[PDB]
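Chemist: So I pulled this structure from the PDB, and the sequence comes with it:
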Amino acid sequence: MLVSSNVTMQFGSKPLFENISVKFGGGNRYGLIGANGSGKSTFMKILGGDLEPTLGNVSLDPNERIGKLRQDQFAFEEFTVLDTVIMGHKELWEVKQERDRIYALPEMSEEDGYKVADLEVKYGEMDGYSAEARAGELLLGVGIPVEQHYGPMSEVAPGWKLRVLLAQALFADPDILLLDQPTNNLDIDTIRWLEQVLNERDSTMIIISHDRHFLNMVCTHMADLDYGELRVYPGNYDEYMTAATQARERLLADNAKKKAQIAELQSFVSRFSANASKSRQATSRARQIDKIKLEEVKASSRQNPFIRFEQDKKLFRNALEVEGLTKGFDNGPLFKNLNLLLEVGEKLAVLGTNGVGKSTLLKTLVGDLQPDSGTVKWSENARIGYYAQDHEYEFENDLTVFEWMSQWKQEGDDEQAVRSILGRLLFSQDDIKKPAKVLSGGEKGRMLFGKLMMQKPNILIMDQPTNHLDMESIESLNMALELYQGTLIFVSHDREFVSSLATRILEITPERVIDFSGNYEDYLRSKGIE
RNA sequence: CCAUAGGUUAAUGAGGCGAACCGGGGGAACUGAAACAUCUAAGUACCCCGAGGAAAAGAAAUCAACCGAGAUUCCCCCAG
RNA sequence: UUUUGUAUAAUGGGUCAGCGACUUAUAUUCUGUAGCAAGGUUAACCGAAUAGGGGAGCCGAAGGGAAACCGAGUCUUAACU
RNA sequence: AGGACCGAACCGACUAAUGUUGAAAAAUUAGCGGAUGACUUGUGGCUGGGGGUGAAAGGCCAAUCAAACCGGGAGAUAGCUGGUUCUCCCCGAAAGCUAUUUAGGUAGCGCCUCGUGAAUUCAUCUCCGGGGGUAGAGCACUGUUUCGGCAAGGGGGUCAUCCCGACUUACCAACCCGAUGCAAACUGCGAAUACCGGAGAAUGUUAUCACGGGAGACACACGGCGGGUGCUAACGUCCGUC
RNA sequence: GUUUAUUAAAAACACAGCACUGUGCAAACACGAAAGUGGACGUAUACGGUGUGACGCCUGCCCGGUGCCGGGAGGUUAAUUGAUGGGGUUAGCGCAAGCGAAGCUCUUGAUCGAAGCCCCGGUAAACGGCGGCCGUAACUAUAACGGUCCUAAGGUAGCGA
RNA sequence: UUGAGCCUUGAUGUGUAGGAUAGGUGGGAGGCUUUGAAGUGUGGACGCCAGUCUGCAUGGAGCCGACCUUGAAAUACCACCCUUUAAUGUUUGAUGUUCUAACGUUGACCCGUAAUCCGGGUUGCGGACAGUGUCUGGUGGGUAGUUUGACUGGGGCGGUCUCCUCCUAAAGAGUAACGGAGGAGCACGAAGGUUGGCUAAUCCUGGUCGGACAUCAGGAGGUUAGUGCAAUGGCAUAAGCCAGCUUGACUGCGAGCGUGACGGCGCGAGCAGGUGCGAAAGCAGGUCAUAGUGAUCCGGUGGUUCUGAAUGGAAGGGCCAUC
RNA sequence: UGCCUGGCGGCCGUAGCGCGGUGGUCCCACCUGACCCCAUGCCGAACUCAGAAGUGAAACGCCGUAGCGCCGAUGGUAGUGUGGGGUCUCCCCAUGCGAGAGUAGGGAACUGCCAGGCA
RNA sequence: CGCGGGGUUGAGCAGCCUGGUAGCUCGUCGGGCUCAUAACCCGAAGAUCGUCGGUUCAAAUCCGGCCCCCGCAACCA
RNA sequence: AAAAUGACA
Ligand SMILES: Nc1ncnc2c1ncn2[C@@H]1O[C@H](COP(=O)(O)OP(=O)(O)OP(=O)(O)O)[C@@H](O)[C@H]1O
Ligand SMILES: Nc1ncnc2c1ncn2[C@@H]1O[C@H](COP(=O)(O)OP(=O)(O)OP(=O)(O)O)[C@@H](O)[C@H]1O
Ligand SMILES: [Mg+2]
Ligand SMILES: [Mg+2]
Ligand SMILES: [Mg+2]
Ligand SMILES: [Mg+2]
Ligand SMILES: [Mg+2]
Ligand SMILES: [Mg+2]
Ligand SMILES: [Mg+2]
Ligand SMILES: [Mg+2]
Ligand SMILES: [Mg+2]
Ligand SMILES: [Mg+2]
Ligand SMILES: [Mg+2]
Ligand SMILES: [Mg+2]
Ligand SMILES: [Mg+2]
Ligand SMILES: [Mg+2]
Ligand SMILES: [Mg+2]
Ligand SMILES: [Mg+2]
Ligand SMILES: [Mg+2]
Ligand SMILES: [Mg+2]
Ligand SMILES: [Mg+2]
Ligand SMILES: [Mg+2]
Ligand SMILES: [Mg+2]
Ligand SMILES: [Mg+2]
Ligand SMILES: [Mg+2]
Ligand SMILES: [Mg+2]
Ligand SMILES: [Mg+2]
Ligand SMILES: [Mg+2]
Ligand SMILES: [Mg+2]
Ligand SMILES: [Mg+2]
Ligand SMILES: [Mg+2]
Ligand SMILES: [Mg+2]
Ligand SMILES: [Mg+2]
Ligand SMILES: [Mg+2]
Ligand SMILES: [Mg+2]
Ligand SMILES: [Mg+2]
Ligand SMILES: [Mg+2]
Ligand SMILES: [Mg+2]
Ligand SMILES: [Mg+2]
Ligand SMILES: [Mg+2]
Ligand SMILES: [Mg+2]
Ligand SMILES: [Mg+2]
Ligand SMILES: [Mg+2]
Ligand SMILES: [Mg+2]
Ligand SMILES: [Mg+2]
Ligand SMILES: [Mg+2]
Ligand SMILES: [Mg+2]
Ligand SMILES: [Mg+2]
Ligand SMILES: [Mg+2]
Ligand code: NA
Ligand code: NA
């Protein structure tokens, strides 16, 4: 079973995590939780050996095939989907490709023949004969068609190849699964399939997830990464959240009721110390006061960012109008004969879930995706704040966080007012010196929220604004957008964030759009969903 | 019911005292540590039991070092 | 006697006579003296025995290093002018 | 009838005097409270030491009680007090520094003494080579101070009190200039002494240094000079040197 | 009535009366290393512990703290049990390095595990506690009155230099 | 009744592309059915719901591998097994009801006995509970041993206790007071090394917002500025300010000194081995210097044939680096 | 050898500032150009290169001047080692040492080694 | 002046709790309901966070001085 | 459901 001892990673002048030593193993599944920027991804990198710790150890058995997940790479793109999911087995992939190379190079001499016979028997023991079949029976579960199973990695879509990268990790029942945010930008049906296929396995799995309904579904232990110490509570999710609460409140109460007695042994020392017949008794109360040592409270890293979008110039009457916006890439009718008029104050939630033009509507509205036919007439003064689903291009350039946030300073504000946004977004003194490239996913979504806030738009378009954000962030931004007085266009899958704030639903089905004029609860009752 | 428990008679032995030495059952504290609790004083003082002219121990399931010695007890070194 | 300092009004003693306080054992070191002198000396014990025997053993003539080890050298160091 | 009333025996002990080496290691004299009751008394018995008994005071347990008396461990320990016994000859201190559960104890060093071994070793004076920053002094610097000159600028009165300031100002006033002082924590100056080193005589029973045996002492006092504190008070208190 | 025999005889102690609490009998409680004794040759109208101290009128509010009583769902938790992992040794395969069966060993400690504590409620003739600031009435004065903060609750009847 | 282990028996473990809900080995492929059928007449359970397993029979005597699409073949079947399992057995557990036989009886009767002790015998009632022993968690002033600092203008309170800078400090060093004043318990991968260059404060005159004070251009001034941090001493050859390259913020040593009662602390040319900057002479063993810190014991981690209690190993010690 | 000039020193204001004058054959400075060898947080202003029309304006060197800076006696004063004295918070006497400020005054340097030109 | 607790709109108080948001209950002011007042409903007003300085991009918060108010304390033989 | 008050003459 995997063990870690005193990992202690540190880049800067503040503790990140200290003397982490924990045994992971035994078939238990450890949901690893924390704040949006504490330690989780750089800890599953350490557990897999991607970066060695500053000073520490990670111990694994001589043969224990780590099945870990991507989302630190996107561009393998040299071979077919079948042989892309195959190479999750780093052992079998090498023997397979090496024997193919040997077959390519002439001839099978005695060095070549004896080099190849044992590799062939190794392949047989590893059952590579039925490797592609078992890979395909998993690609079908993920949702990739049989007729294009054998297509190269350029045939696949950019939003469809993360599916294959997910399928790679859990290929052939590998013990110890390092899953790093697997359910992000996935649908309800795929999430249900994944949480069903992980429920039939005896393999320790350490999973990062910022949602509650998946951790509370699959996980057994609830390893935390807050305060610095990795506190592991054996609990589902709710018996962790109801245990840490009283664990912290007991500490607070003990400090209160132990300071309240120092304040009582102090009223005697302050009154009878100078006396002669009572100084002996007043200088033993001082010993009692000094021998108390109330224990310290360190604030949790969770916190709650203060986000609020305002609007510089409110605009009246219609804010948008879309007239005959038929468009499709290679399936033709991505959305057929769209026709709509968006008023002011609308909170339009565009639903519909998977591969259909759930996005590319927002891309056409902003204009970066030219439509096939139609014209989109924004309001006269319409200023659009765009939060793209894939926002890497704005951080590939490596500026300091301060300069990156200062790019968008407007006419009438200082770099005193620039740093206030970062302060409200919880970038304190060193995390404003990091390169913009090296930041967490949630710490990056927040940094885009602080650019929208800084620009102060009157039309907000947001492609999945609930990505890599913990409960605190999707509770702050939810009310930040609720208080918003303006036009909002957003898309999300979780049936809570969209239901909290929406006055109109426009969801597209791969044959025809359907529009509504009420909130999501009425939408479901009219659909026939209980 | 047999039988045991119990009763009577007879034969033999013991009982108490004594200075030290000896074997065993229990077992302090002052004191030293420049305070004190681990530790020392010390298995000492003292209490109790038992025997002897002495008592205990004693004839390797011991040491040694692959060379060997040969029960126990006491004295001088090893050795502060 | 104790004190920086007592005629001190600081302590002790009424006087006489007798008793009353740096000792003994074993180890170690330095001085003096005596014997022997790269040698010196025995302990227990035997012994008609303060003689003689007994040299088990102790101290000294070689040191350096934590140690193996080397040895008028040795340790340090990869090596030391 | 009565934990009833007055009052002797009987039990007790509120006040005063005497007595304090007493008649007595708690009493006598004149008064005083209870006196059929939770009373008082004779004889015998039981409870024993961290234990007894206690209408409760730490009271009583053989003139002894916040832990009896006797014997033993025992000659407990005492950084504290006292005492320490015959004679002569030579040398002869310290009451300081450092450390201390340390401050009236002790350890190392400084000072004393005995032995051994060594070089003009050491001391005084004359001459030569040195570094000061004290006394004194000075006011360029750091502060402080009083005058006089020029006065930036600043407060006050009149008028459109939008401006510009159109004015004024008996009043304040920095920086510079000339004159006059003060400073432990000021110095563009600067002694006497003292101290370090070298050379030279004369003088001094090696007075110098090293090693080894034995210590004592680490409570100081006053007087002159230089000073901190105090009141330039104290036979006050804390340092330097004699 | 008792008390410091021998400097204190009192307002101190005891008391009848009152209340709380323990005790179902081989009672609780005490003296005992234990046997056994007192309680008691008694049986809840009896016995022990604690406080108050005839009698008359009465004995207010607070369960946050500390005790005591009841509750057991949940968390933590000893001995006991010893699943796993790591190391030592070595029959052998290799005369290279090196691995290394069985056994014996050193260590690590999964699982089981009660009371207590955390938690929930009660109890004050259980130990105990019982508030600040500001304004306001026909002359002055004072506030019956009002605002607010805090507390577990803010000292009631009676008495008061 | 309910946990857990084990054994025996039977099921369940399609997505394609297949006749059809095939688990992997491979034995065979011609074998399964008449001690009485594929279908039928009819039960229940399971499910990706398409389909599988089972009682018996009026009748019943016949179904599949050969083909075929797959990486792979078939309830023709048996085998040794794997996952989820269902049932009966068997092992210890937990719980609850009964029982008597250990154990209790300070219930009744008889005897030793002329005995409200004790013992034995019948009987009744409790009954594997209570109680006792070893180990163990809680409570435990009921009891016992003890600790509860020093300086100090008497003691107590207040203040202080180690390190750095100035004055007292009497022109070498040192020098006290509960004397007068301030600081430290770090920081910096550049604020370290080298090479190349550069020189400040403060006013005086001319200009957009622009002002007494911002940037510009002249002149006076002279280090009155600056130094990561308190003060003192320094600093122009700059130790102050920029830039290029770099890691000497190296290893073993070290003549000779300074300062301490010691433990110790500090300065150091030069030597050897390997570097950096510079063309080169050369400079670099952290920073302008002085604060930024605690012995020993005990223990942890890494290296090293030094030792290894018969011998070969090992534990354990030692040494080096470090916590 | 005499004069001028350049480099390296000695010495460090009696040596430095201010005012006036003067020097271009050589030397020195300014000077022309800049693609390139090099360089500017922009600018050949600085650093650097190829040359040489002009000038001695500025800088530099030399000479003259006291308006500053600077040096500075003699005498007296203060202080002080040793020995004495007083009316002793401070002084005095014998003896030895003897400033600081100020005054008279001095004063716009002196000098070595090479290398060029005019002699 | 030795030690604590404070100074936040007119009154009484949070926010200091590890600097990025100035808030509560009552009150004042202007409307509405009412015959009229009170209550009630709506809208707004106002604080140099006692006053000075310091690192700080940013102070009420962190540090120090000064002033004011409330409690103490300044011992025994 | 909440609804208090109105000097004398
Ligand atoms: N190179 C880097 N330099 C500085 N900080 C870094 C660097 N790489 C990562 N970090 C920091 O490490 C942390 C990583 O946070 P982490 O990835 O666990 O966040 P998350 O959003 O919770 O994770 P996840 O993406 O897995 O859901 C962040 O605080 C990030 O700033
Ligand atoms: N850049 C592109 N180049 C080519 N085809 C594209 C591109 N972007 C999208 N597509 C095609 O258009 C389709 C629409 O994708 P779209 O972004 O609308 O999906 P989605 O519902 O937002 O996906 P998801 O939730 O997985 O991110 C894609 O599935 C793909 O086939
Ligand atoms: Mg006998
Ligand atoms: Mg002792
Ligand atoms: Mg002692
Ligand atoms: Mg015998
Ligand atoms: Mg004396
Ligand atoms: Mg005296
Ligand atoms: Mg005399
Ligand atoms: Mg006398
Ligand atoms: Mg005396
Ligand atoms: Mg006398
Ligand atoms: Mg006599
Ligand atoms: Mg005698
Ligand atoms: Mg030797
Ligand atoms: Mg009577
Ligand atoms: Mg009477
Ligand atoms: Mg009477
Ligand atoms: Mg009496
Ligand atoms: Mg009396
Ligand atoms: Mg009488
Ligand atoms: Mg008595
Ligand atoms: Mg006692
Ligand atoms: Mg003794
Ligand atoms: Mg004695
Ligand atoms: Mg003499
Ligand atoms: Mg003493
Ligand atoms: Mg002076
Ligand atoms: Mg002393
Ligand atoms: Mg002394
Ligand atoms: Mg003295
Ligand atoms: Mg004196
Ligand atoms: Mg009395
Ligand atoms: Mg009472
Ligand atoms: Mg009451
Ligand atoms: Mg009884
Ligand atoms: Mg006690
Ligand atoms: Mg003792
Ligand atoms: Mg004291
Ligand atoms: Mg000095
Ligand atoms: Mg001196
Ligand atoms: Mg001295
Ligand atoms: Mg530096
Ligand atoms: Mg340089
Ligand atoms: Mg430097
Ligand atoms: Mg420094
Ligand atoms: Mg061995
Ligand atoms: Mg052995
Ligand atoms: Mg070892
Ligand atoms: Na990440
Ligand atoms: Na998308």
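Modeler: In hand now; what should we look at? Residues are numbered from 1 along each chain as shown, chains lettered A, B, ... in the order given. Ligands and ions are numbered 1, 2, ... in the order given.

Chemist: contacting residues for the spatially most central residue of chain A?
Modeler: Nearest to the mean C-alpha position of chain A, by C-alpha atoms, centre = their mean, lies residue A:468 at 2.7 Å. By C-beta atoms under 8 Å, 6 or more residues apart in numbering, residue A:468 lies in contact with A:36, A:181, A:184, A:210, A:440-442, A:444-445. C-betas here are computed from N, CA, C, even on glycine.

Chemist: what secondary structure does it sit in?
Modeler: coil (DSSP: H, G, I helix; E, B strand; the rest coil).

Chemist: And residue A:505, by the same measure?
Modeler: Reducing the assignment to helix, strand or coil with three-state DSSP, the entry for residue A:505 is strand.

Chemist: isn't it right up against residue A:516?
Modeler: Yes. Proximity of residue A:505 to residue A:516 meets the contact threshold set by C-beta atoms under 8 Å, at 4.1 Å.

Chemist: Return only those of the contacts of residue A:468 found close to RNA strand H.
Modeler: By C-beta under 7 Å from any atom of the strand, no member of the contacts of residue A:468 lies near RNA strand H.

Chemist: quick one: which of the residues you listed sit in helices?
Modeler: Under the assignment DSSP state H, these contribute A:441-442, A:444-445 to helices.

Chemist: Which helix or strand lies directly C-terminal to the lengthiest helix in chain A?
Modeler: Looking across chain A with DSSP H, the single longest helix is helix A:238-272. Once the chain leaves helix A:238-272, the next helix or strand it forms, by DSSP states H and E, is helix A:279-282.

Chemist: in chain A, what residue is nearest RNA strand H?
Modeler: With C-beta to the nearest atom of the strand, the shortest gap between chain A and RNA strand H falls at residue A:423, namely 2.4 Å.

Chemist: Report the secondary structure state of that residue.
Modeler: helix.

Chemist: nearest residue to residue A:77 other than its sequence neighbours?
Modeler: residue A:153 (4.4 Å; C-beta to C-beta, 6 or more residues apart in numbering).

Chemist: That neighbour: neighbour count?
Modeler: The burial count assigned to residue A:153 is 16, neighbours taken as other C-beta atoms under 10 Å.

Chemist: isn't it right up against residue A:73?
Modeler: No. When contacts are counted by C-beta under 8 Å, residue A:153 is not listed as touching residue A:73 (12.0 Å).

Chemist: Tell me how far the closest residue to residue A:98 other than its chain neighbours lies from residue A:65.
Modeler: Among residues not flanking residue A:98 along the chain, residue A:119 sits closest, at 6.8 Å (C-beta to C-beta, 6+ apart). Relative to residue A:65, residue A:119 is positioned 18 Å away (C-beta to C-beta, to the nearest Å).

Chemist: Likewise for residue A:89?
Modeler: Using C-beta to C-beta, we find residue A:89 at a distance of 7 Å from residue A:65.

Chemist: Who has more neighbours out of the two?
Modeler: residue A:89 (21 against 16).

Chemist: tell me the contacts of that one?
Modeler: With contacts taken as C-beta under 8 Å, 6+ apart, residue A:89 has the following neighbours: A:65, A:126, A:131, A:171-172, A:174.

Chemist: cool, residue A:369 as well?
Modeler: Contact analysis of residue A:369 by C-beta under 8 Å, 6+ apart lists A:327, A:360, A:363.

Chemist: part of a helix, is the residue nearest to residue A:98?
Modeler: Yes. Read with three-state DSSP, residue A:119 is one of the residues of a helix.

Chemist: wait, it sits on residue A:99?
Modeler: Yes. Between residue A:119 and residue A:99 there is a contact at 5.3 Å, judged by C-beta under 8 Å.

Chemist: What parts of the stretch 1-150 of chain A come near RNA strand E?
Modeler: Contact residues of the stretch 1-150 of chain A with respect to RNA strand E, defined by C-beta under 7 Å from any atom of the strand, are listed as A:26, A:61.

Chemist: ok, which stretches of the stretch 1-150 of chain A are strands?
Modeler: Using DSSP state E, counting those that start in this stretch, the strands of the stretch 1-150 of chain A run over residues A:2-5, A:22-24, A:29-32, A:57-59, A:67-68.

Chemist: who does the shortest one touch, helix- and strand-wise?
Modeler: If you count contacts as 3 or more C-beta pairs under 8 Å, 6 or more residues apart in numbering; DSSP states H and E, strand A:67-68 packs onto strand A:177-180.

Chemist: quick one: strands adjacent to the strand it packs on?
Modeler: Sheet partners assigned to strand A:177-180 using DSSP bridges are listed as strand A:67-68 (parallel), strand A:205-208 (parallel).

Chemist: So for the helix or strand following that strand, what gets flagged as buried?
Modeler: Following strand A:177-180 in sequence order, the next helix or strand is helix A:188-197 (DSSP H and E). Taking 16 or more other C-beta atoms under 10 Å as the neighbour-count basis, helix A:188-197 is seen to contain the buried residues A:190-191, A:194.

Chemist: Including distance to ligand 2, could the residues you listed go into TSV?
Modeler: Listed next are the buried residues of helix A:188-197 as TSV, based on distance: C-beta to the nearest ligand atom, whole Å:
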residue	distance to ligand 2
A:190	9
A:191	12
A:194	14
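
Chemist: so which of the residues you listed comes closest to RNA strand F?
Modeler: Using C-beta to the nearest atom of the strand, residue A:190 is the member of those that sits closest to RNA strand F, with 14.4 Å.

Chemist: burial of the residue lying closest to the closest one once chain neighbours are set aside, as a residue count?
Modeler: The spatially closest residue to residue A:190, leaving aside those adjacent along the chain, is residue A:143, at 6.8 Å (C-beta to C-beta, 6+ apart). Each residue near residue A:143 was counted by other C-beta under 10 Å, and the total is 15.

Chemist: Over to residue A:247?
Modeler: 11.

Chemist: so who does it touch?
Modeler: In this structure, residue A:247 makes contact with no residue, judged by C-beta under 8 Å, 6+ apart.

Chemist: how close does it get to residue A:300?
Modeler: Here the criterion is C-beta to C-beta. By it, residue A:247 lies 11 Å from residue A:300.

Chemist: and if you look at residue A:309?
Modeler: When C-beta to C-beta is applied, the distance between residue A:309 and residue A:300 equals 26 Å.

Chemist: Neighbour count for the two, which is higher?
Modeler: residue A:309 (21 against 15).

Chemist: Quick check: phi and psi on residue A:489?
Modeler: Here is the backbone geometry of residue A:489 (degrees, to the nearest 10): phi -130, psi 120.

Chemist: So what pairs up with it in the strands?
Modeler: Applying DSSP bridges, one finds that residue A:489 bridges with residue A:348, residue A:461.

Chemist: for ligand 2, what are the nearby residues on the stretch 251-400 of chain A?
Modeler: Proximity of the stretch 251-400 of chain A to ligand 2 (C-beta under 6 Å from any ligand atom) is limited to residues A:329, A:354-360.

Chemist: Okay, and which of these map to helices?
Modeler: With DSSP H as the criterion, helices contain none of those.

Chemist: Give me the buried subset of those.
Modeler: A:354, A:356-360.

Chemist: Near the closest residue to RNA strand E within chain A, how many residues? Count them for me, please.
Modeler: Distance from RNA strand E to each residue of chain A (C-beta to the nearest atom of the strand) is smallest for residue A:250, at 5.9 Å. Counted with other C-beta under 10 Å, the neighbours of residue A:250 add up to 10.

Chemist: distance of it from residue A:297?
Modeler: 11 Å.

Chemist: Equivalent analysis for residue A:246, please.
Modeler: Computed with C-beta to C-beta, the distance linking residue A:246 and residue A:297 is 15 Å.

Chemist: Same check on residue A:433?
Modeler: From residue A:433 across to residue A:297, the span is 27 Å (C-beta to C-beta).

Chemist: joint contacts of residue A:505 and residue A:516?
Modeler: Common neighbours of residue A:505 and residue A:516 are listed as residue A:523 (criterion: C-beta under 8 Å, 6+ apart).

Chemist: Compare those two (neighbour count), which wins?
Modeler: For residue A:505 versus residue A:516, neighbours defined as other C-beta under 10 Å are more numerous around residue A:505 (23 against 19).
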